[PDB]
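Asker:
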Ligand SMILES: Nc1nc2[nH]c(S)nc2c(=O)[nH]1
Ligand SMILES: Nc1nc2[nH]c(S)nc2c(=O)[nH]1
Ligand SMILES: Nc1nc2[nH]c(S)nc2c(=O)[nH]1
Ligand SMILES: Nc1nc2[nH]c(S)nc2c(=O)[nH]1
Ligand SMILES: Nc1nc2[nH]c(S)nc2c(=O)[nH]1
Ligand SMILES: Nc1nc2[nH]c(S)nc2c(=O)[nH]1
Ligand SMILES: Nc1nc2[nH]c(S)nc2c(=O)[nH]1
Ligand SMILES: Nc1nc2[nH]c(S)nc2c(=O)[nH]1
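Protein chains in written order, with the entry's author numbering: chain A, 2 to 119; chain B, 2 to 119; chain C, 2 to 119; chain D, 2 to 119; chain E, 2 to 119; chain F, 2 to 119; chain G, 2 to 119; chain H, 2 to 119.
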């Protein structure tokens, strides 16, 4: 099927298991992939016939910026829940990246990806 | 099966739902992936036996540069339509990236991917 | 000489010459370089003896997100003028990047750099 | 299902078939992908209900830093073995990258990916 | 199953449909992905029990550097043919990238991927 | 001092010493740096008081896409000479990159930088 | 003049002004530039006649990983002071990057550069 | 002033202090910068009136791939010394990067820069 892909949505947040993570918070990066039939929207060229990526980005960002979760799993589940509330969506993958996570090791990124589908 | 992959085709355009997007326009980036049997072309080493990526790039670019669509969904559908008119193609994915989209949030990219297959 | 370097401060703003740019705004990316003697701060290990990079980032961001200017020159000069209130500062160089500027050509970046010094 | 993705874990090691590789060693880069149901952890927001990426990174790094293997296949199998010892994990992919491998040719990366599943 | 991934193998060549491409030639970039069971090699830690990526890189590079093909399809088929001559290999994908291809448009990369499997 | 920095202007052209380079042409990448007093423009916020970066990009691109030169030195000098018609300009530095230049060695970039000043 | 350039030395540390930063620490990235006459070393091809970049990296890393400082200025000055014990060194410039610094704004990097010279 | 800039010339070599480095060798990356008056070449558009960047790349590569030196200082000085045979050259700066150098710390790059001038 077709898909809408949002990549690199960068939002300051305070999610974290440990107290020290919630004093000042850190950078979070969100990807969203939405599986949805896009044929109708190419016929109508009407935004109402697709899933608006402007609303998706603002909603995703507000969740990330909101009151902190312990787990990024829970942040990703809240974003995925939002996407599936649109009955046209077949499936969604939400990647919550925590690239500044406190890990004593040298690494590029750590993330969870929450998948949902009908 | 085999595939031809065009990546990062960068073309100025004016697509957009909102009037202000069509005054000066913005950068669009296209990826095309074509699924097609390539064994015959390796036997003949004859360009006529494969899907010419030179024609693909020019056709994709002309569509993107053409009169604006409201939706990038519609741009991607027009490119995908072109590819499937070649009876040898099994499937195609066209990614239309709108990395400068007007979104109040900080993000790397937003795109739609239009998939077609036999 | 000693310097403090802030790179890639990313802030949504509405600066621009043309009406179409004030509707939704666009991404701005700020670099600041501050020339300042840092020996005292290294001797004391006291934040008071250096220029706090948090103050540097937060104030520059407030300017960028604030009242729209027509020119990025004007934004850079405001940031630079405020930095030189700190009498310990020898010179400052503010780069205001407008990577999304509406230009019909394909390019990576456009920016102005404002310098001020004692 | 859901997944946890660790990327770019960078650890000095001495793995290698050839003696000269084990005198000083070289840079290794590890990716780990873990397939696991994350719904319960979003309900509880309890780290105990997910696979802790802090422990994963330290365990992966200790293996890579440990006494050398001849093959990076064997390093990847040891990491994958560790992940599957958690009964909640459905599958895992461990990529062991050896980007400095002694190869007379110019190349970006060489890696093995060890996959396991129930 | 498991896989060996070679990425970014960079080799000067002269492949091309058009005469002017074969006077001086251009940069080619090869990726190879090999699907093969790696469990035995982790048990033995014996290079003889896996597919040696040193030989793969040299063989791939020699093909690319060899007498020119008209099509990169044909270069990729020759590399893939080589890999499948090892009876242990389940499948292979060879990506031949021609990032400097003569295309009047602005683009990041163009490539063909030749897939083979048992 | 104050400057305007255009980076990565990307334009197809046919410059080159050898016949084979004039058949299809290749990618050129232009940087321009203009040294100019920007205080007045920041005071007035009037585009007329600075060097318009649109004029900078469009004119440089027209030169690059125009009559082929044998040397990139000649292209850079043309761009630089035209920029110094603006008497407010202290100096200009034009880098003409030829990233795709036919060289048998593997390299990232080759470029010439032309400077002019009062 | 002649110089030795170490870039991107990556070391976990616990420097920072705030208590929350000393709990788990964060990534620090060091650059060192050493101005030194290298003609003798090129004449002799003797490591003793130059500044050994292994000594440069290992000692800088030991400082970064060592007792936590409040300011990165203090870290940079320690590295620089120790480098100038070598009387052959004309000048040294140490950049201490704190890419993960807790700042509420979105930014790429923050760093201080300490310079010392005869 | 005017200059010619070659960046990222990539050549396998066997330079190094330690025996283990001469067995298989490693990647070296060369930059050359040549300060030279380019007005005449832009006037004539004659390759003879400038420094040919093909000669620059091919000769530097031959040195890098040639007899192994213990120090990268020695390699850089050889490249620089040969460049200054051209009496039109004001100065040259050769950077020899050893990105794969055996250092136990994690780092991006290590290099020496050799300068020569009239
Ligand atoms: N999978 C997972 N592991 C974690 N460890 C810590 S601390 N925080 C987390 C987290 O948010 N998710
Ligand atoms: N999916 C989608 N959403 C949009 N929102 C706006 S504005 N424009 C678009 C668009 O072109 N596609
Ligand atoms: N130097 C300069 N030129 C411009 N052209 C436009 S439009 N906007 C600008 C600008 O903000 N600065
Ligand atoms: N597949 C594979 N091939 C190799 N060649 C050498 S040397 N070392 C290796 C290795 O660790 N894995
Ligand atoms: N698919 C494909 N199309 C091409 N066009 C030209 S020219 N050369 C090629 C080629 O090698 N492969
Ligand atoms: N400096 C310089 N050298 C060249 N060699 C060739 S071919 N073309 C050029 C060129 O355009 N400039
Ligand atoms: N210049 C400077 N400013 C800072 N602000 C904080 S918090 N930490 C620092 C620091 O380490 N250096
Ligand atoms: N300056 C410098 N230091 C080194 N240490 C080793 S080992 N090799 C080198 C070298 O080639 N140059």
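Heads up, the beta-carbon is just placed ideally off N, CA and C, and yes, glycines get one too.
#1: Taking only heavy atoms of ligand 4 into account, decide whether any of them is closer than 8 Å to the Cβ of residue 17/D.
#2: Please report the Cβ distance between residue 110/H and residue 100/H, rounded to the nearest whole angstrom; I am assuming they are in contact, meaning their Cβ atoms lie under 8 Å.
#3: Hey, how far is the Cα of residue 16/E from the Cα of residue 71/E?
#4: Using a Cβ cut-off of 9 Å (strictly closer), state whether residue 111/D contacts chain A.
#5: Give me the chain H residues within the contact set of residue 22/F, using Cβ-Cβ distance strictly less than 8 Å, ordered along the chain.
#6: Taking the straight line between their C-alpha atoms, what separation do you get for residue 94/B and residue 69/H?
#7: Let me know if residue 78/G comes out buried or exposed under the rule of 16 or more other beta-carbons within 10 Å of its beta-carbon.
#8: According to a CB-to-CB cut-off of less than 8 Å, which residues of the stretch 3-37 of chain E neighbour chain D?
#9: Can you have a look at residue 54/F and say buried or exposed, based on whether 16 or more other CB atoms are within 10 angstroms of its CB?
#10: Among the candidates 35/G, 24/G, 118/G, 23/G, whose CA atom is the shortest distance from the CA of residue 7/G?
#11: According to DSSP, simplified to helix, strand and coil, what is residue 17/C?
#12: For residue 96/B, collect the residues of the same chain with a Cβ closer than 6 Å to its Cβ; drop the 5 residues on either side in sequence, then sort them by chain order.
#13: Determine, using beta carbons only, whether residue 103/A comes closer than 9 Å to chain K.
#14: Let me check you understand the geometry: is the CB of residue 20/H closer than 8 Å to at least one non-hydrogen atom of ligand 8?
#15: For residue 13/E, which of 64/E, 86/E, 119/E, 3/E has the nearest alpha-carbon?
#16: Exposed or buried, residue 3/A, counting other C-beta atoms within 10 Å across all chains shown (16 or more means buried)?
#17: Using only the alpha-carbon positions, how far apart do residue 108/B and residue 61/A sit?
#18: What residues are listed by DSSP as bridge partners for residue 118/H?
#19: If you compare alpha carbons, which of 90/H, 19/H, 29/H is closest to residue 119/H?
#20: With a threshold of 9 Å between beta-carbons, can residue 106/E be considered close to chain F, or not?
#21: Quick one: measure Cβ to Cβ for residue 74/C and residue 42/F, integer angstroms, because I've assumed they're closer than 8 Å.
#22: In this structure, how does DSSP classify residue 37/A when only helix, strand and coil are distinguished?
#23: Please name the residue, chosen from 47/B, 21/B, 39/B, 23/B, that lies closest to residue 19/E on a Cα-to-Cα basis.
#24: Just how far apart, CA to CA, sit residue 44/A and residue 29/C?
#25: Using the Cβ count rule (16 or more neighbours within 10 Å means buried), how would you classify residue 49/E?
#26: Closest to residue 86/A by C-alpha separation, out of 37/A, 98/A, 67/A, 21/A, would be which residue?
#27: Spell out whether any CB of chain E is found under 9 Å from the CB atom of residue 43/B.
#28: Check whether the Cβ atoms of residue 92/D and residue 117/D sit closer than 9 Å, and answer yes or no.
#29: How would the residue list near ligand 7 read, in chain order, if you kept each one whose beta-carbon is closer than 6 Å to any heavy atom?
#30: For residue 81/C, count neighbouring Cβ atoms within 10 angstroms of its own Cβ and tell me buried if that reaches 16, exposed if not.
#31: Look up residue 50/C in the DSSP assignment and say whether it is helix, strand or coil.
#32: List the DSSP bridge partners of residue 110/G.
#33: Per DSSP, residue 24/D forms a beta bridge with which residues?
#34: Do residue 27/G and residue 1/C count as a contact pair if the criterion is CB distance below 9 Å?
#35: Using 9 Å as the threshold, is the C-beta distance between residue 76/A and residue 21/G below it?
#36: Rounded to a whole number of angstroms, what is the C-alpha to C-alpha distance between residue 9/C and residue 88/A?
Answerer: The relevant details are as follows:
#1: The residue given as residue 17/D occupies position 16 in the fourth chain. It does: the Cβ of residue 17/D is within 8 Å (strictly closer) of some heavy atom of ligand 4.
#2: By one-based count along the eighth chain, residue 110/H stands at place 109. By one-based count along the eighth chain, residue 100/H stands at place 99. Contact holds; Cβ gap of about 5 Å.
#3: Counting from 1 along the fifth chain, the entry for residue 16/E is found at position 15. Counting from 1 along the fifth chain, the entry for residue 71/E is found at position 70. The straight-line gap from Cα to Cα measures roughly 6 Å.
#4: Within the fourth chain, residue 111/D is the residue found at index 110, counting from 1. So no, residue 111/D is outside the interface.
#5: Along the sixth chain, one-based indexing puts residue 22/F at 21. Within chain H, no residue comes near residue 22/F; the closest Cβ sits about 12 Å away, beyond 8 Å.
#6: Taking the second chain and counting its residues from 1, the one referred to as residue 94/B is at position 93. Taking the eighth chain and counting its residues from 1, the one referred to as residue 69/H is at position 68. Straight-line Cα distance between these residues: approximately 49 Å.
#7: On the seventh chain, position 77 is the one that residue 78/G refers to. Classification for residue 78/G: buried.
#8: Residues 3, 4, 5, 6, 7, 8, 9, 10, 11, 12.
#9: Within the sixth chain, the letter at position 53 stands for residue 54/F. Result: buried.
#10: Within the seventh chain, the letter at position 6 stands for residue 7/G. The candidate whose alpha carbon is nearest that of residue 7/G is 35/G.
#11: For this step, residue 17/C is matched to residue 16 along the third chain. In the three-state DSSP reduction, residue 17/C falls in the coil class, being neither helix nor strand.
#12: Walking along the second chain from the start, residue 96/B turns up at place 95. So the qualifying residues of the chain are 32, 112, 114.
#13: Given the protein chain composition of this structure (A, B, C, D, E, F, G and H), no chain K is represented.
#14: Residue numbering aside, residue 20/H sits at position 19 when the eighth chain is read from its first letter. Incorrect: residue 20/H has no Cβ contact closer than 8 Å to ligand 8.
#15: Here residue 13/E refers to the residue found at position 12 when the fifth chain is read from its first residue. That would be 64/E, whose Cα lies nearest to the Cα of residue 13/E.
#16: The residue given as residue 3/A occupies position 2 in the first chain. With 16 or more Cβ atoms within 10 Å of its Cβ, residue 3/A is classed as buried.
#17: For the purposes of this step, residue 108/B is identified with residue 107 of the second chain, where counting begins at 1. For the purposes of this step, residue 61/A is identified with residue 60 of the first chain, where counting begins at 1. The straight-line gap from Cα to Cα measures roughly 11 Å.
#18: Numbered from its first residue, the eighth chain carries residue 118/H at position 117. Residue 118/H pairs with 92/H.
#19: Within the eighth chain, the letter at position 118 stands for residue 119/H. It is 90/H.
#20: Against the fifth chain, residue 106/E aligns to sequence position 105. Closer than 9 Å: yes.
#21: Here residue 74/C is taken as the residue at index 73 of the third chain, counted from 1. Here residue 42/F is taken as the residue at index 41 of the sixth chain, counted from 1. Indeed they touch by this definition, with Cβ atoms about 5 Å apart.
#22: Indexing the first chain from 1 puts residue 37/A at position 36. Strand, per DSSP.
#23: Residue 19/E sits at position 18 when you count from the first residue of the fifth chain. Nearest C-alpha to residue 19/E: 47/B.
#24: Residue numbering aside, residue 44/A sits at position 43 when the first chain is read from its first letter. Residue numbering aside, residue 29/C sits at position 28 when the third chain is read from its first letter. A straight-line Cα-Cα distance of about 35 Å links residue 44/A and residue 29/C.
#25: Start at 1 with the first residue of the fifth chain, and residue 49/E comes out as number 48. Exposed, since its Cβ has fewer than 16 Cβ neighbours within 10 Å.
#26: Looking up residue 86/A in the first chain gives position 85. Here the closest residue by C-alpha is 37/A.
#27: Taking the second chain and counting its residues from 1, one reaches residue 43/B at position 42. For residue 43/B, the answer is yes, since a Cβ of chain E falls inside 9 Å of its Cβ.
#28: Along the fourth chain, read from residue 1 onward, the residue named residue 92/D stands at position 91. Along the fourth chain, read from residue 1 onward, the residue named residue 117/D stands at position 116. Yes.
#29: Taking every residue with its beta carbon within less than 6 Å of a heavy atom belonging to ligand 7 gives, in chain order, 5/C, 48/C, 51/C, 52/C, 53/C, 54/C, 55/C, 18/G, 72/G, 73/G, 74/G, 113/G.
#30: Position 80 of the third chain, counting from 1, holds the residue named residue 81/C. Residue 81/C is buried by the Cβ-count criterion.
#31: As a working note, residue 50/C is residue 49 in the third chain. In the structure shown, the three-state DSSP call for residue 50/C is helix.
#32: Position 109 of the seventh chain, counted from the start, is the residue given in the question as residue 110/G. Residue 110/G pairs with 8/C.
#33: Here residue 24/D corresponds to residue number 23 of the fourth chain, with the count starting at 1. According to the DSSP secondary-structure assignment, residue 24/D is paired through a beta bridge with no residue.
#34: Absent from the model: residue 1/C. The displayed extent of chain C is 2 to 119, so no value can be given.
#35: The sequence position of residue 76/A within the first chain is 75, counting from 1. The sequence position of residue 21/G within the seventh chain is 20, counting from 1. Taking 9 Å as the cut-off, the Cβ atoms of residue 76/A and residue 21/G do not count as close.
#36: Here residue 9/C refers to the residue found at position 8 of the third chain. Here residue 88/A refers to the residue found at position 87 of the first chain. Using only the alpha carbons, I get a separation of about 39 Å.
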